[PDB]
Amino acid sequence: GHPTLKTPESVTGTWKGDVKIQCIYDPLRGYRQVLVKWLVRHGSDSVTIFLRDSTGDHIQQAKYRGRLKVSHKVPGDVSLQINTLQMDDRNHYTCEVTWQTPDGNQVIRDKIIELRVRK
């Protein structure tokens, strides 16, 4: 049994407000989380907007630096918070988590959440 990511199907945030896109799992004994990514679609191809790895949290795109926060205090909660929602933030967001397992494999789970932006 590998972990289960629990996510909403869709979330609506308020334009120029803040929103959280939940992604939570119950940590399984002896599983080590090794990577977290959040992605969006950008015309058919995906793009990474956030990465957490052994060197911390990485937001490479200027337009997101200072606007994105991924939960870090509670194990298993990798929810994405977006500050000052733009109309162009409407998208499908993917959260991808990788673990190393007790048997020494690396396994990946992901989920897709639609974000709508309402005025």
# chains A, B, ... in the order shown; residues from 1 in each chain; ligands from 1
>>> select_by_dssp(residues="chain A", states="strand (DSSP E or B)", output="short mmCIF file (atom, residue, chain, number, x, y, z; two decimals) with N, CA, C and O atoms, in the first residue's frame")
data_model
loop_
_atom_site.label_atom_id
_atom_site.label_comp_id
_atom_site.auth_asym_id
_atom_site.auth_seq_id
_atom_site.Cartn_x
_atom_site.Cartn_y
_atom_site.Cartn_z
N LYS A 6 -5.06 13.19 -1.07
CA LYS A 6 -6.45 13.64 -0.95
C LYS A 6 -6.51 15.10 -1.39
O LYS A 6 -5.82 15.98 -0.83
N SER A 10 -12.06 20.49 -7.71
CA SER A 10 -11.89 21.87 -8.15
C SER A 10 -11.96 22.77 -6.94
O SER A 10 -12.51 22.41 -5.88
N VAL A 11 -11.40 23.96 -7.10
CA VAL A 11 -11.40 25.00 -6.08
C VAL A 11 -11.68 26.32 -6.80
O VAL A 11 -11.15 26.53 -7.89
N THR A 12 -12.46 27.19 -6.17
CA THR A 12 -12.69 28.54 -6.68
C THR A 12 -12.07 29.53 -5.73
O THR A 12 -12.32 29.51 -4.54
N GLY A 13 -11.22 30.39 -6.27
CA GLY A 13 -10.65 31.48 -5.50
C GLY A 13 -11.18 32.82 -5.99
O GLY A 13 -11.67 32.94 -7.10
N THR A 14 -11.03 33.84 -5.15
CA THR A 14 -11.45 35.19 -5.48
C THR A 14 -10.32 35.95 -6.16
O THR A 14 -9.19 35.99 -5.66
N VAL A 19 -5.87 31.88 -2.22
CA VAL A 19 -6.55 30.59 -2.21
C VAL A 19 -5.57 29.51 -1.82
O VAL A 19 -4.38 29.62 -2.08
N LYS A 20 -6.08 28.45 -1.21
CA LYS A 20 -5.30 27.26 -0.93
C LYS A 20 -5.89 26.07 -1.69
O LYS A 20 -7.10 25.84 -1.66
N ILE A 21 -5.02 25.36 -2.38
CA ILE A 21 -5.37 24.12 -3.07
C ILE A 21 -4.84 22.98 -2.22
O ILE A 21 -3.62 22.76 -2.12
N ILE A 24 -3.20 16.58 0.68
CA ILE A 24 -2.76 16.02 1.92
C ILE A 24 -2.75 14.51 1.83
O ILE A 24 -3.64 13.90 1.23
N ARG A 32 9.78 7.69 2.83
CA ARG A 32 10.48 8.97 2.87
C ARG A 32 10.08 9.81 1.67
O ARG A 32 10.27 9.39 0.55
N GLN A 33 9.51 10.98 1.91
CA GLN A 33 9.18 11.90 0.84
C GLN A 33 10.48 12.48 0.30
O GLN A 33 11.30 12.99 1.07
N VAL A 34 10.68 12.37 -1.01
CA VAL A 34 11.93 12.84 -1.64
C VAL A 34 11.74 14.00 -2.59
O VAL A 34 12.72 14.64 -2.94
N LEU A 35 10.52 14.28 -3.05
CA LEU A 35 10.28 15.36 -4.00
C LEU A 35 8.81 15.75 -3.91
O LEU A 35 7.94 14.88 -3.77
N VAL A 36 8.53 17.04 -4.04
CA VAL A 36 7.18 17.55 -4.26
C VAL A 36 7.24 18.54 -5.41
O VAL A 36 8.10 19.42 -5.42
N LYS A 37 6.32 18.42 -6.36
CA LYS A 37 6.19 19.39 -7.44
C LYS A 37 4.75 19.83 -7.54
O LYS A 37 3.82 19.05 -7.33
N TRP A 38 4.57 21.11 -7.87
CA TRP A 38 3.30 21.62 -8.39
C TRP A 38 3.53 22.08 -9.82
O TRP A 38 4.54 22.77 -10.09
N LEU A 39 2.60 21.70 -10.70
CA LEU A 39 2.67 22.01 -12.13
C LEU A 39 1.37 22.65 -12.57
O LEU A 39 0.31 22.42 -11.96
N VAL A 40 1.43 23.39 -13.68
CA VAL A 40 0.23 23.82 -14.41
C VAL A 40 0.36 23.48 -15.89
O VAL A 40 1.44 23.16 -16.38
N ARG A 41 -0.75 23.54 -16.63
CA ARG A 41 -0.70 23.40 -18.11
C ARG A 41 -0.34 24.73 -18.75
O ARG A 41 -0.78 25.77 -18.28
N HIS A 42 0.48 24.70 -19.79
CA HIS A 42 0.79 25.90 -20.54
C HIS A 42 0.73 25.48 -22.01
O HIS A 42 1.73 25.10 -22.62
N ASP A 45 1.59 21.39 -23.09
CA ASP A 45 2.72 20.92 -22.28
C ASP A 45 2.61 21.48 -20.88
O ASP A 45 2.15 22.59 -20.68
N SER A 46 3.07 20.71 -19.91
CA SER A 46 3.08 21.12 -18.52
C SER A 46 4.30 21.96 -18.20
O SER A 46 5.32 21.94 -18.92
N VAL A 47 4.20 22.69 -17.08
CA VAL A 47 5.33 23.41 -16.59
C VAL A 47 5.32 23.35 -15.07
O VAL A 47 4.28 23.50 -14.40
N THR A 48 6.50 23.12 -14.51
CA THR A 48 6.66 23.13 -13.07
C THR A 48 6.63 24.56 -12.55
O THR A 48 7.35 25.42 -13.11
N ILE A 49 5.82 24.83 -11.54
CA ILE A 49 5.79 26.14 -10.91
C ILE A 49 6.42 26.17 -9.52
O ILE A 49 6.78 27.25 -9.00
N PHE A 50 6.58 24.99 -8.91
CA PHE A 50 7.15 24.88 -7.57
C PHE A 50 7.78 23.51 -7.44
O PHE A 50 7.20 22.50 -7.89
N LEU A 51 8.95 23.45 -6.80
CA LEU A 51 9.63 22.19 -6.50
C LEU A 51 10.17 22.27 -5.07
O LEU A 51 10.83 23.25 -4.75
N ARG A 52 9.94 21.23 -4.27
CA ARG A 52 10.61 21.04 -2.99
C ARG A 52 11.46 19.79 -3.08
O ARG A 52 10.98 18.71 -3.46
N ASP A 53 12.74 19.94 -2.72
CA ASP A 53 13.66 18.81 -2.71
C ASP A 53 14.62 18.99 -1.54
O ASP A 53 14.38 19.77 -0.63
N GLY A 56 15.52 22.50 -0.53
CA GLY A 56 14.46 23.42 -0.10
C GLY A 56 13.47 23.71 -1.21
O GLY A 56 13.22 22.86 -2.08
N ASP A 57 12.88 24.90 -1.14
CA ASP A 57 11.75 25.26 -2.01
C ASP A 57 12.23 26.15 -3.14
O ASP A 57 12.94 27.14 -2.91
N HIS A 58 11.80 25.81 -4.34
CA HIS A 58 12.27 26.45 -5.56
C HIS A 58 11.11 26.95 -6.39
O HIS A 58 10.23 26.16 -6.76
N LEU A 68 3.69 32.21 -4.07
CA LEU A 68 3.36 30.81 -3.86
C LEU A 68 3.99 30.32 -2.59
O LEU A 68 5.19 30.57 -2.34
N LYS A 69 3.21 29.58 -1.81
CA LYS A 69 3.68 28.97 -0.55
C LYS A 69 3.14 27.56 -0.47
O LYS A 69 1.93 27.37 -0.60
N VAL A 70 4.00 26.57 -0.21
CA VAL A 70 3.55 25.18 -0.04
C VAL A 70 3.71 24.85 1.43
O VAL A 70 4.77 25.10 2.03
N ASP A 77 1.17 17.27 4.48
CA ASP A 77 0.36 18.38 3.95
C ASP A 77 1.27 19.17 3.00
O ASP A 77 2.20 19.87 3.44
N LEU A 80 -0.90 23.92 -1.73
CA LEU A 80 -0.39 25.11 -2.41
C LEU A 80 -1.25 26.32 -2.08
O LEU A 80 -2.45 26.30 -2.29
N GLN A 81 -0.63 27.39 -1.60
CA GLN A 81 -1.31 28.66 -1.37
C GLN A 81 -0.82 29.66 -2.41
O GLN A 81 0.39 29.80 -2.64
N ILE A 82 -1.77 30.35 -3.04
CA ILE A 82 -1.50 31.36 -4.04
C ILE A 82 -2.02 32.71 -3.51
O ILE A 82 -3.19 32.84 -3.14
N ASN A 91 -6.52 27.46 -14.21
CA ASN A 91 -5.73 26.39 -14.83
C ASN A 91 -6.07 25.09 -14.13
O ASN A 91 -6.76 25.08 -13.10
N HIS A 92 -5.51 24.01 -14.65
CA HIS A 92 -5.47 22.75 -13.95
C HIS A 92 -4.10 22.60 -13.32
O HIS A 92 -3.07 22.71 -14.00
N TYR A 93 -4.08 22.36 -12.02
CA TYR A 93 -2.86 22.27 -11.22
C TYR A 93 -2.63 20.80 -10.87
O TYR A 93 -3.55 20.12 -10.42
N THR A 94 -1.40 20.35 -11.02
CA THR A 94 -1.02 18.99 -10.66
C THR A 94 -0.09 19.07 -9.45
O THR A 94 0.88 19.85 -9.46
N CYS A 95 -0.37 18.25 -8.44
CA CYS A 95 0.58 18.03 -7.35
C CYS A 95 1.15 16.62 -7.51
O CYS A 95 0.39 15.66 -7.65
N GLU A 96 2.48 16.52 -7.53
CA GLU A 96 3.19 15.25 -7.71
C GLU A 96 4.12 15.05 -6.52
O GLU A 96 4.99 15.89 -6.25
N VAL A 97 3.98 13.93 -5.83
CA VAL A 97 4.83 13.59 -4.69
C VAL A 97 5.54 12.28 -5.00
O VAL A 97 4.94 11.32 -5.50
N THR A 98 6.83 12.25 -4.66
CA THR A 98 7.67 11.06 -4.81
C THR A 98 8.13 10.60 -3.45
O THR A 98 8.59 11.41 -2.64
N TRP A 99 8.06 9.28 -3.21
CA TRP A 99 8.60 8.67 -1.99
C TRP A 99 9.58 7.57 -2.33
O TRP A 99 9.43 6.87 -3.33
N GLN A 100 10.54 7.39 -1.44
CA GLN A 100 11.34 6.16 -1.38
C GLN A 100 10.68 5.26 -0.34
O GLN A 100 10.34 5.68 0.77
N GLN A 106 11.36 3.98 -5.61
CA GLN A 106 10.77 5.33 -5.58
C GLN A 106 9.44 5.27 -6.34
O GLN A 106 9.41 4.76 -7.47
N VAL A 107 8.36 5.74 -5.69
CA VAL A 107 7.05 5.73 -6.27
C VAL A 107 6.46 7.10 -6.25
O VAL A 107 6.76 7.92 -5.38
N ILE A 108 5.65 7.35 -7.25
CA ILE A 108 5.14 8.68 -7.53
C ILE A 108 3.63 8.63 -7.55
O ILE A 108 3.03 7.76 -8.19
N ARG A 109 2.99 9.57 -6.86
CA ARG A 109 1.54 9.79 -6.98
C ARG A 109 1.30 11.24 -7.35
O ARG A 109 2.05 12.14 -6.93
N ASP A 110 0.25 11.46 -8.12
CA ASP A 110 -0.14 12.80 -8.51
C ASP A 110 -1.65 12.91 -8.57
O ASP A 110 -2.40 11.93 -8.65
N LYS A 111 -2.10 14.16 -8.49
CA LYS A 111 -3.52 14.51 -8.61
C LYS A 111 -3.63 15.83 -9.35
O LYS A 111 -2.70 16.65 -9.34
N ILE A 112 -4.79 16.03 -9.99
CA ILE A 112 -5.09 17.23 -10.77
C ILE A 112 -6.26 17.94 -10.14
O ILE A 112 -7.28 17.30 -9.84
N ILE A 113 -6.13 19.26 -9.95
CA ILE A 113 -7.18 20.09 -9.36
C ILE A 113 -7.45 21.24 -10.31
O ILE A 113 -6.52 21.98 -10.67
N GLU A 114 -8.71 21.46 -10.69
CA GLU A 114 -9.05 22.66 -11.44
C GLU A 114 -9.15 23.86 -10.49
O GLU A 114 -9.86 23.80 -9.49
N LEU A 115 -8.49 24.96 -10.84
CA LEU A 115 -8.66 26.24 -10.13
C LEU A 115 -9.44 27.19 -11.02
O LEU A 115 -9.05 27.46 -12.15
N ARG A 116 -10.54 27.69 -10.49
CA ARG A 116 -11.35 28.74 -11.10
C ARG A 116 -11.11 30.03 -10.31
O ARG A 116 -10.80 30.00 -9.10
N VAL A 117 -11.23 31.16 -10.99
CA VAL A 117 -11.04 32.48 -10.38
C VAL A 117 -12.30 33.30 -10.61
O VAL A 117 -12.68 33.52 -11.76
N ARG A 118 -12.96 33.68 -9.52
CA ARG A 118 -14.23 34.38 -9.57
C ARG A 118 -14.03 35.84 -9.18
O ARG A 118 -13.30 36.16 -8.27
#
>>> select_by_dssp(residues="range 14-105 of chain A", states="helix (DSSP H, G or I)", output="list in words")
residues 62, 63, 64, 87, 88 and 89 of chain A
>>> write_last_selection(atoms="N, CA and C atoms", output="PDB file, in the first residue's frame")
ATOM      1  N   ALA A  62       9.714  34.181 -12.201  1.00  0.00           N
ATOM      2  CA  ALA A  62       9.542  35.472 -11.558  1.00  0.00           C
ATOM      3  C   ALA A  62       8.112  35.759 -11.186  1.00  0.00           C
ATOM      4  N   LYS A  63       7.158  35.412 -12.062  1.00  0.00           N
ATOM      5  CA  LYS A  63       5.780  35.802 -11.835  1.00  0.00           C
ATOM      6  C   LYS A  63       5.161  35.117 -10.633  1.00  0.00           C
ATOM      7  N   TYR A  64       5.801  34.044 -10.148  1.00  0.00           N
ATOM      8  CA  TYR A  64       5.346  33.329  -8.971  1.00  0.00           C
ATOM      9  C   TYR A  64       6.152  33.624  -7.720  1.00  0.00           C
ATOM     10  N   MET A  87      -6.398  36.519 -13.066  1.00  0.00           N
ATOM     11  CA  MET A  87      -7.271  35.789 -13.983  1.00  0.00           C
ATOM     12  C   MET A  87      -6.493  34.690 -14.704  1.00  0.00           C
ATOM     13  N   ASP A  88      -5.246  34.949 -15.031  1.00  0.00           N
ATOM     14  CA  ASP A  88      -4.432  33.971 -15.721  1.00  0.00           C
ATOM     15  C   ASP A  88      -4.001  32.794 -14.870  1.00  0.00           C
ATOM     16  N   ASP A  89      -4.291  32.833 -13.568  1.00  0.00           N
ATOM     17  CA  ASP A  89      -4.061  31.666 -12.716  1.00  0.00           C
ATOM     18  C   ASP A  89      -5.120  30.572 -12.895  1.00  0.00           C
TER      19      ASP A  89
END
>>> closest_residue(among="A:22, A:101, A:65, A:7", to="residue 78 in chain A", atoms="only C-alpha atoms")
A:22
>>> atom_distance(atom1="CA of residue 105 in chain A", atom2="CA of residue 29 in chain A")
14.4 Å
>>> residues_around(residues="residue 16 in chain A", least_positions_apart="6", cutoff="7 Å", atoms="only C-alpha atoms", output="compact mmCIF listing (two decimals) with N, CA, C and O atoms, in the first residue's frame")
# COMPACT_ATOMS: atom_id res chain seq x y z
N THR A 84 -2.79 36.71 -4.14
CA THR A 84 -3.22 37.69 -5.15
C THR A 84 -3.50 37.00 -6.49
O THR A 84 -2.78 37.13 -7.48
N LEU A 85 -4.60 36.29 -6.51
CA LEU A 85 -4.99 35.50 -7.66
C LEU A 85 -5.20 36.37 -8.89
O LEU A 85 -5.91 37.38 -8.84
N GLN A 86 -4.60 35.95 -10.00
CA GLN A 86 -4.77 36.58 -11.29
C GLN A 86 -5.76 35.84 -12.13
O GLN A 86 -5.91 34.62 -11.96
>>> decode(residues="range 95-111 of chain A", atoms="N, CA, C and O atoms", output="short mmCIF file (atom, residue, chain, number, x, y, z; two decimals), in the first residue's frame")
data_model
loop_
_atom_site.label_atom_id
_atom_site.label_comp_id
_atom_site.auth_asym_id
_atom_site.auth_seq_id
_atom_site.Cartn_x
_atom_site.Cartn_y
_atom_site.Cartn_z
N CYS A 95 -0.37 18.25 -8.44
CA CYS A 95 0.58 18.03 -7.35
C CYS A 95 1.15 16.62 -7.51
O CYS A 95 0.39 15.66 -7.65
N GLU A 96 2.48 16.52 -7.53
CA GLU A 96 3.19 15.25 -7.71
C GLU A 96 4.12 15.05 -6.52
O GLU A 96 4.99 15.89 -6.25
N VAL A 97 3.98 13.93 -5.83
CA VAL A 97 4.83 13.59 -4.69
C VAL A 97 5.54 12.28 -5.00
O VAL A 97 4.94 11.32 -5.50
N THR A 98 6.83 12.25 -4.66
CA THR A 98 7.67 11.06 -4.81
C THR A 98 8.13 10.60 -3.45
O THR A 98 8.59 11.41 -2.64
N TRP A 99 8.06 9.28 -3.21
CA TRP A 99 8.60 8.67 -1.99
C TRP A 99 9.58 7.57 -2.33
O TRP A 99 9.43 6.87 -3.33
N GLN A 100 10.54 7.39 -1.44
CA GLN A 100 11.34 6.16 -1.38
C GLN A 100 10.68 5.26 -0.34
O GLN A 100 10.34 5.68 0.77
N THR A 101 10.50 4.01 -0.72
CA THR A 101 9.70 3.09 0.06
C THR A 101 10.56 2.17 0.92
O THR A 101 11.77 2.06 0.72
N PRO A 102 9.94 1.44 1.85
CA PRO A 102 10.68 0.48 2.64
C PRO A 102 11.46 -0.56 1.84
O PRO A 102 12.48 -1.05 2.32
N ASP A 103 10.97 -0.92 0.67
CA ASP A 103 11.69 -1.88 -0.18
C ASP A 103 12.74 -1.22 -1.08
O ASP A 103 13.40 -1.90 -1.85
N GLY A 104 12.94 0.10 -0.93
CA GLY A 104 13.98 0.84 -1.64
C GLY A 104 13.59 1.33 -3.01
O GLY A 104 14.44 1.80 -3.78
N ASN A 105 12.32 1.23 -3.36
CA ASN A 105 11.87 1.79 -4.65
C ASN A 105 11.53 3.26 -4.50
O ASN A 105 11.44 3.76 -3.39
N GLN A 106 11.36 3.98 -5.61
CA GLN A 106 10.77 5.33 -5.58
C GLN A 106 9.44 5.27 -6.34
O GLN A 106 9.41 4.76 -7.47
N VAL A 107 8.36 5.74 -5.69
CA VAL A 107 7.05 5.73 -6.27
C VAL A 107 6.46 7.10 -6.25
O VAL A 107 6.76 7.92 -5.38
N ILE A 108 5.65 7.35 -7.25
CA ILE A 108 5.14 8.68 -7.53
C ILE A 108 3.63 8.63 -7.55
O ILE A 108 3.03 7.76 -8.19
N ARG A 109 2.99 9.57 -6.86
CA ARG A 109 1.54 9.79 -6.98
C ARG A 109 1.30 11.24 -7.35
O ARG A 109 2.05 12.14 -6.93
N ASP A 110 0.25 11.46 -8.12
CA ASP A 110 -0.14 12.80 -8.51
C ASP A 110 -1.65 12.91 -8.57
O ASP A 110 -2.40 11.93 -8.65
N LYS A 111 -2.10 14.16 -8.49
CA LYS A 111 -3.52 14.51 -8.61
C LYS A 111 -3.63 15.83 -9.35
O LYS A 111 -2.70 16.65 -9.34
#
